[PDB]
Structure formats: structure tokens, C-alpha cells
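J.: Mind having a look at this structure? Questions to follow.
4 protein chains.
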Amino acid sequence: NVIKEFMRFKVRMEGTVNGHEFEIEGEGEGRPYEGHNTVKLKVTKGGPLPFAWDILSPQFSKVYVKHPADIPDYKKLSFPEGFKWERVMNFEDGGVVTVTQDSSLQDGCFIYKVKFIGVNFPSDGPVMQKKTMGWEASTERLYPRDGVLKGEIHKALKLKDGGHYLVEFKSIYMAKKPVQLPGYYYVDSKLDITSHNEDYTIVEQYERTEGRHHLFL
Amino acid sequence: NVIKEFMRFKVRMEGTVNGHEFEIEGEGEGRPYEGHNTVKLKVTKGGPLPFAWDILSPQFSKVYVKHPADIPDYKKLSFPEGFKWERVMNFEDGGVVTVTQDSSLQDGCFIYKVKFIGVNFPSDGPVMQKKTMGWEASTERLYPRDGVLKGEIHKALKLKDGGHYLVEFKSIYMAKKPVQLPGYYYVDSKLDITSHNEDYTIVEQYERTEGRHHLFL
Amino acid sequence: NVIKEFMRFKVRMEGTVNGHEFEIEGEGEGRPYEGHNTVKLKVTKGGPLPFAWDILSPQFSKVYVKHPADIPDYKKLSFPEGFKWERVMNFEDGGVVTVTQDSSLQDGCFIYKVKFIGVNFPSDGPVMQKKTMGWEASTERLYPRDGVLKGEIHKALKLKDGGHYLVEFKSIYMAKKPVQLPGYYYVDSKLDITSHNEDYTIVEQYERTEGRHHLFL
Amino acid sequence: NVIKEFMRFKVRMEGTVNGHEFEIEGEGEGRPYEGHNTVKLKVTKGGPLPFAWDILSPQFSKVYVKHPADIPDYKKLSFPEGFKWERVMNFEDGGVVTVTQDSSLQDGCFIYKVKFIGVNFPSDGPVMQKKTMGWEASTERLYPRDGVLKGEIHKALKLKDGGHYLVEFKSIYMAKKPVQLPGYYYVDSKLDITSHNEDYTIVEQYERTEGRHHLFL
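Protein chains in written order, with my numbering: chain V, 1 to 217; chain X, 1 to 217; chain A, 1 to 217; chain E, 1 to 217.
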């Protein structure tokens, strides 16, 4: 280890939403063993974005999840080789996103490369209309499957006018090398936008995340 | 009052699974303010179900959910008129179930009436082949919507030969009288089969369930 | 054979939509080898339905599907015993319906028994608001699976304020005796409400439906 | 006009399937008013794809769809500017794919640019195990929505070991310029792999496709 108490990271995203091409670059840092991390983003191409920043927020670091000792830390165990992760986001209004990412380690710094494709968002929807205002804190249900780690979440974006915009997440974590997998468990998360410029071409986020067993066990 | 510290209930279910008709009846009791309840069932018609009992178990009492004082207990508030509940269960292998239920209070006893329709289960699947062995403890994400209370869960049935069989629950709770809805919150639950005969024509269940805010709030 | 060129039928339905119970009875007739049939329904209980009649229309006769000689007529072959049918209807706005049906032959006439459960329809949506106006003609994709016949359709209801309300149908047909199944094929249908009273408590429908191979074959 | 009776095209795709990156480039040609076209592809990077080629085939030209004079040919009318198209493919076993593409016209040659992300495919499934054998002919259901053209299809891949592997397609066609949209209609298609080398690093395809009204209209 390899994975120190303090770790920095670099991230780059190439994405497309309803046909709108964009690129984003950023840097972050956090305490992998404490379950917290922050990140600053900059839209390098296609800005300002014609859609809610919120749909991108969660694609910018699960190696920072705090895990109790009795729960194998698959993501952490994968380094230095690292792991890849994939995801599907099913929006209640038909919107669909598919994400592919690669997580590596270079000279003590984490390297994240992301590809994102979002389609079918209604022109007058909350995404396309920028009517959201952050995510609610969430709880992911994880389990080992097909030799890899999987998890699902029932998430929600807060609507300006009140109410919520529902999104189901389905993620897949795949170590680049064989690593001990955990059993059924949960991960609580809370992602906040801490700052941003008026057109959201510059953004700062904070995330707290921790794994645990269900409370009744 | 109407809802005492100790309350009993009676339940009747009329269902069909893959064309197989059946009837179930039972009696239960519990501590509504403590978050626990038990129930004893008996298959009265269509006896010897040709499918896993597990898919029926969660259809047999949310008025028993322990809620903190700062979270409006919508279901409890609904009495004496009571409430209705509906649900969709999406099985990973294509099976689908819709449930509609009516909850009332009669002579100091909770009265539950359930209709269930399950279709599209593979004949060789874990349901039709009775390969399941109980649910993992779960956590439901609730929120108010359309004037009613809704909630979703990523649940899972343990496989006898190892692994899990996934199911997504979508529930709707509808008070028969206008009462206070809570905001976004969660419900942890754990249902166990405490006793049964080999063919599951006689079963007893126990369930613990409590409402709460997300752990990071 | 038992299936004459002219055949009548009797249907009875017990359903629930968003907690509202209802019952319907009807009588119909048609020419099974020609691909057309009519039916007259009367709401016998729960009358003055508080939702779009159109969601019920398609649950009231596949044995009447015209099949070319080179495509095994599974449903017809199942008689005199008959067959069962189940279905899932997934509505674009979240509403979900499950149906289970039993088709038999008695007194020289077909006997239909249907059970319907509909949930999660938004209070302000086209179904509960009664804003639909008939289905567009459709095309079902069928194939043999798990020893039975299955088919799916991408359906659509026309709306009063223009546009369409999309629904995906997934049906399963199950013979009560082993009969020959066909391979991959298509069924074309067009259902029309031919008459109805002011409150839709008495309704008359017409349906044309025919099986065939893809046109490029 | 801009669109002549015979037209060639250039296509290129960047994709990722279950974390495996690849690139493909190719050229095709056909008769846009006749609904016939062919294409030849070469895997340029990510050599020897570790998954079924079949999943990519339908991503390689709807301007070639034959339309009757009474049905607006939205895609054709969008030129010379062109149009973009997006798509979601939902695999029966959990795999999900999103696609985004751009179609333009350059000096008499159509230019196609495709981005593809596929995730959640079971390692032991027909895709990653290459057990598929081409698509069945299909029929897409189209309708105008949100100022654009949408269509859905219930498709199927033939399994080597027999049977079919089901896939639901959801496509969105967006003209770069708001040209005339058609109303509800269908498109029949039949895609065949005409030639291919052992490892699917060189492949040629043929597609027949024509738009039309429902047969009962």
C-alpha cells in the first residue's frame, strides 16, 4: 500500500448528451480510508453545457469508499493495477445513460478516464431544462456477481419547483486483476456541489461515502 | 387511539402465478410502534404451490413500521379508515408481478385483503423450480408523490446453490383519507421464514421494520 | 372440427385499477379462420369506471387470429382443452398492469375468464384522466420459448390533445395440452371501439387480427 | 435533390463493450430510394473483438430507407445538413447499450460517425461467448415525438445452440434542421452478414429496408 492516507486524482471525460458533444477535465483529492473526496471540474469542450450538471456529477471515485475491516475493499485491493467500472442510469422520463470508465494509478496519483453517452432526454425535461438542484443522499445495494462487484441504487434529483426526478443506477466494478470480493452489503453516499461558476463550466464537488452491512444484521 | 401497542391482523390472499390459481389465509400480530410483527399462513386452495413461497412472503403489513417522531407515519395516520397498497415486482429473469391490497380496521383488528398476479416466470427459473431460500435484509427508498407515498427497493433472494436472484420492488401506499405525507426517507426491513412444512402449505414469518432518515443526514 | 367457422364467446373480468375494483361481463362472436371478432361488454360492478376504458379493451381472443397454413395455429390446436394467457403491459408513465386469463370451450362456445391488476397510474395521467382515444393498429412479434408461445408489441393509444401514450405489451400463451408451436412470426391487429354509452358502462368492440411471416421473407 | 439514386457512405465507430475498447471504419453504398444498401467494415483497433459482432451490425444508415410518397421521408429531407441518431438497446439478460451518431453529407458522400457503449453483459452469455447467429428480420414502430422522430423494435438474435436472444431497440432520429415529420408508421428491415473472416476483423453486410403504413390501414 500503495494507497496512502492522502491521494490525489486526475480525471477526464468525453461525453455526449442528446447529441451534444463535450469534454471535461478535472482534479481531485481525498482520504480513501476516511470515505471523503473532492473534485474540481472544467468543461474543456462544448461548454457551457445545454443540460443539468447533476447527471454528470456522479461519474467523477469509489476507491475512496470507507470500508469496515470485515468487508473486503475490492476497489482498493485492485491497485496498483486498478479497475474499470460501468454504469447504466435509467431516468424516469425515458432518459438513458451508459457510462464506461477506467481507473489506474500513475506515480502515486489516480487516473480516471471516462466515456459517457446520454440519450432520449425529453427536450422539455428537467435535464434538458436544467431544473434540478442536486442529488439526495443515497444508498447502494452491492453484491458479487459473475466474478465482479455489482450495485444498484434508487436515486433522486431535487426539482427546483419541488418534488423529485427519479433515476435508477446500475453499476459494475471490475478489477483489472483477481481480488477478493465482498458479499451482500451497502454503501451510503452523499454528493454535494460546493461551488460553480454561473454557466457551470467550472465546478467543485464534495462526496462522502461509506460501506456497511445492513443495520439489522 | 385505534392503533394500540399490540395489534393483531387477519389476511387473505387471492393469487395466480404462471396460470396457477391459489388462495391463502393467515393471522398475525405485532407491536406497531416497535417495528415487529409475525404472521402464520396456510394455503387454503391450490395447495402445494408449484413455485417458491418467497415471492409471496412480502405481501403478508407496513402499519407496523416503527417511525421516529420527526417522520410522519402516513400509514398509521390513515387509520381507522386505513390504506391501500399496490406494488410491482420486476424479476431479473423476466418474471413480473403486480399486487393490489386493501388495509382496514375491524373490531380492533387489522384486516388485509390481497390480490396477486405473477406472470412470465421461466419454467426452469428459481421461482418455478423453488431454488430460493429467503430474502436478504433490505432498504426501501421512500418519497411523496402524486399525493401518495411511494417507495422502491433492490431486493434479493438467496439461491440454494449459492448466489442471488434479483428483484426490484416498486410500491405505492394510498391512505383512504387525507393525512400527512412524509418527505424523502428510508425503511429498513428483514423478513424471515420462522417455520414451515416441507411444501410450504403452512408457514410462519417474522419481520422487523423501521423507518429512518439516511445515515449521513 | 370443434372450432367452427362461426364461434361465439362469453367473457368475464374481475379487475382493479389504482385500488378501484370492478367487474365486467360480455358476449362476443366472430370467424376464427377469417381473423375477426366482436364483443359487447357491460360493467357489472364498480360501474362508472374512473379510468380509460381503452386499457381494458385488449383483454377481451387470440383463437380468432387468422393463420396461414404454413404457420402452426397453436391457440386453435389447443382446443377443445383450450389455453391460458398472461400478459404484462408497461406504460410509458409508470403504470403497470398484469393480466392472467383462462380460455375454455363449453356449450359449443368459447369461455373467457380474466383477472386484471393495474397499478402506478399517475392521477393526472391519460388513463386516470380519461384522455385516450383508441389504439393505433399494431404488430406483435412472436416466437416459441420455454415450451410455450410468447409475443411482444409496441402499442400506442391516441390522445385527445394529440400525441400518443406508449405501452409495451408482453404476452405468454400456454396450451393446456401439448400442441405444435410455430417459429418466429408476426401478428397484425386493429382493435376498435364501435359503440359505447356516455359513461362507458356498455361497450362494443371490433377486432381484426391476422398471423403472417415478416414481409421480406 | 442532393440525394441521388445511388450513393456511397463512409462510416467510423469508437466503442467499448464490457470495458473492451475498439475502433472500426468502413465504407458502403446503396439505393436510398429503393431501400437497399451494403457495407464493408474493418476493425482498426481493439483487434479481434471479444464479443458477438451482431451487436454492432445495426449501427452501420436510415437515409436509405424506401418510403412511399405519402410518408414524409424525414431523414432524406434533412439533407444536405443531415441528422443525428441515438439508440438504446435493452438485452434480455441485462446488457445495455447506448449509441450516438452523426450523419452528414460531404461532396456526394454520406459521412457517418458513431460512438458506442455497451455494458453489463454476462461473461457467460451469448454476447461475450459469441453464440449468436445473425438477426431475424424486424419491424420498427415509428411516431413523431418531441419535435423528432422515434421508433422502437422488438428484435432477436438467433442462437447457435438454437433459440433466440431478445433485444429491444429504442431509437431517436434528429434532423439538424426541423423538416417534415411523418405520423405513426412502420419500417421493415432485414440485415444479413454477407461475408466475414474468421475473427470478424473484416465484415460485409447487406440491409433491406422499407417504410410503410400498417397493413390494415
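No residue lacks a Cβ here, since even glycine has one placed at the ideal position from N, Cα and C.
Drop a sphere of 10 angstroms on the beta-carbon of V/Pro-32, count the other beta-carbons inside from all chains shown, and report buried for 16 or more, exposed for fewer.
T.: buried
J.: Comparing alpha-carbon positions, which option in V/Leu-56, V/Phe-6, V/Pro-50, V/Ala-52 lies nearest V/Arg-12?
T.: V/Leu-56
J.: Tell me whether X/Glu-198 is buried or exposed, calling it buried when 16 or more other Cβ atoms sit within 10 Å of its Cβ.
T.: With fewer than 16 other Cβ atoms within 10 Å, it is exposed.
J.: Under 8 Å, CB to CB, which of the residues in the segment 77 to 104 of chain A have a partner in chain X?
T.: The residues in question are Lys-84, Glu-86, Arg-87, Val-88, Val-96, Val-97, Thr-98, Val-99, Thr-100, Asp-102.
J.: Which residues does DSSP pair with X/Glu-21 in a beta bridge?
T.: X/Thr-16
J.: Apart from the five residues just before and just after X/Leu-77, which ones in its own chain have a Cβ nearer than 8 Å to its Cβ?
T.: Sequence-distant Cβ neighbours of X/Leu-77 in its own chain, meaning closer than 8 Å and more than five residues away, are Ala-175, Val-179, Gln-180.
J.: Can you pull the chain X residues whose beta carbon is under 7 Å from the beta carbon of V/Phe-216, in chain order?
T.: Going along chain X in sequence order, the residues near V/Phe-216 (Cβ under 7 Å) are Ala-137, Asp-188, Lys-190, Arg-208.
J.: Quick one: Cα of V/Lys-130 to Cα of A/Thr-98, how far?
T.: 36 Å
J.: Hey, quick one: how far does the beta strand (DSSP E) through E/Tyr-186 stretch, first residue to last?
T.: Per DSSP, E/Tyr-186 belongs to the beta strand (DSSP E) from 185 to 196.
J.: According to the neighbour-count rule (16 or more other Cβ atoms, all chains shown, within 10 Å of its Cβ), is A/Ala-52 buried or exposed?
T.: Classification for A/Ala-52: buried.
J.: Please classify X/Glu-21: is it buried, with 16 or more other beta-carbons within 10 angstroms of its beta-carbon, or exposed?
T.: Exposed, because fewer than 16 other Cβ atoms sit within 10 Å of the Cβ of X/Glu-21.
J.: Can you give me the start and stop residues for the beta strand (DSSP E) that E/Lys-40 sits inside?
T.: Element bounds for E/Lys-40: 36 to 45.
J.: May I have the straight-line CA-CA distance separating E/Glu-27 from E/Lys-113, to the nearest angstrom?
T.: 12 Å
J.: Consider the Cβ of E/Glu-152: report whether some Cβ of chain A lies at a distance smaller than 9 Å.
T.: yes
J.: DSSP three-state call for A/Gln-59: helix, strand or coil?
T.: helix
J.: Find out if the Cβ-Cβ distance for the pair X/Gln-59, X/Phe-116 is shorter than 9 Å.
T.: Taking 9 Å as the Cβ cut-off, X/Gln-59 and X/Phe-116 qualify as a contacting pair.
J.: Between A/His-67, A/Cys-109, A/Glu-14, A/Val-17, which has its C-alpha nearest A/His-36's C-alpha?
T.: Minimum Cα-Cα distance from A/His-36 among the listed residues A/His-67, A/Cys-109, A/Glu-14, A/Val-17 corresponds to A/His-67.
J.: Helix, strand or coil for E/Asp-54 per DSSP?
T.: helix
J.: Pull up the distance between the alpha-carbon of X/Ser-103 and that of V/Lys-158, whole angstroms please.
T.: 31 Å
J.: Could you give the DSSP three-state label for X/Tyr-173: helix, strand or coil?
T.: In this structure, DSSP gives X/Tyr-173 an extended state, which the three-state scheme calls strand.
J.: On a CA-only basis, which of X/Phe-216, X/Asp-188, X/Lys-160, X/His-214 is nearest X/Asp-54? Give me that one, please.
T.: X/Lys-160
J.: Could you round the C-beta distance between A/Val-167 and A/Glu-86 to whole angstroms and report it? I think they count as a contact, below 8 Å.
T.: Their Cβ separation, rounded to whole angstroms, is 16 Å, which puts A/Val-167 and A/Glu-86 out of contact at 8 Å.
J.: Counting along the chain, where does the beta strand (DSSP E) carrying A/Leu-159 start and finish?
T.: 148 to 159
J.: Taking DSSP's pairing of strands, which residues face A/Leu-105 in a bridge?
T.: A/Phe-110
J.: Rounded to whole angstroms, what's the CA-CA distance from V/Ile-193 to V/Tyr-165? Just pull it up for me.
T.: 17 Å
J.: How many whole angstroms separate the CB atoms of X/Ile-172 and X/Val-148, which I take to be in contact at a CB cut-off of 8 Å?
T.: 6 Å
J.: Where do the N-terminal and C-terminal ends of the beta strand (DSSP E) with V/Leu-142 fall, by residue?
T.: 138 to 145
J.: With 16 other CB atoms within 10 Å as the buried threshold, where does residue 281 of chain V fall?
T.: Nothing can be reported for residue 281 of chain V, as the shown portion of chain V is limited to 1 through 217.
J.: Around the Cβ of X/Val-2, are there at least 16 other Cβ atoms within 10 angstroms (buried) or fewer (exposed)?
T.: exposed
J.: So is V/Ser-189 buried or exposed if we call it buried at 16+ other beta carbons inside 10 Å?
T.: Counting the other CB atoms within 10 Å of its CB gives V/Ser-189 a total of 16 or more, which places it among the buried residues.
J.: Using beta-carbon positions only, say whether X/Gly-163 and V/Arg-141 come within less than 9 Å of one another.
T.: Cβ distance not < 9 Å, so X/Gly-163 and V/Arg-141 don't count as in contact.
J.: I'd like the list of long-range same chain contacts for A/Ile-202, defined as Cβ closer than 6 Å, with 5 residues on each side in sequence excluded.
T.: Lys-42
J.: Going by beta carbon distance, what residues of the same chain come within less than 8 Å of E/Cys-109, once the five residues before and after it are set aside?
T.: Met-7, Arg-8, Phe-9, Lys-10
J.: Between X/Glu-25 and V/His-213, what straight-line distance do the alpha-carbon atoms span, to the nearest angstrom?
T.: X/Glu-25 and V/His-213 have their C-alpha atoms spaced approximately 34 Å apart.
J.: To be precise: take each residue of the segment 169 to 185 of chain V, compare its Cβ to all Cβ atoms of chain E, and keep it if any distance is under 7 Å. Which residues remain?
T.: Cβ contacts with chain E come from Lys-170, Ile-172, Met-174.
J.: Grouping DSSP H, G and I as helix and E and B as strand, with all else coil, what is E/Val-63?
T.: helix
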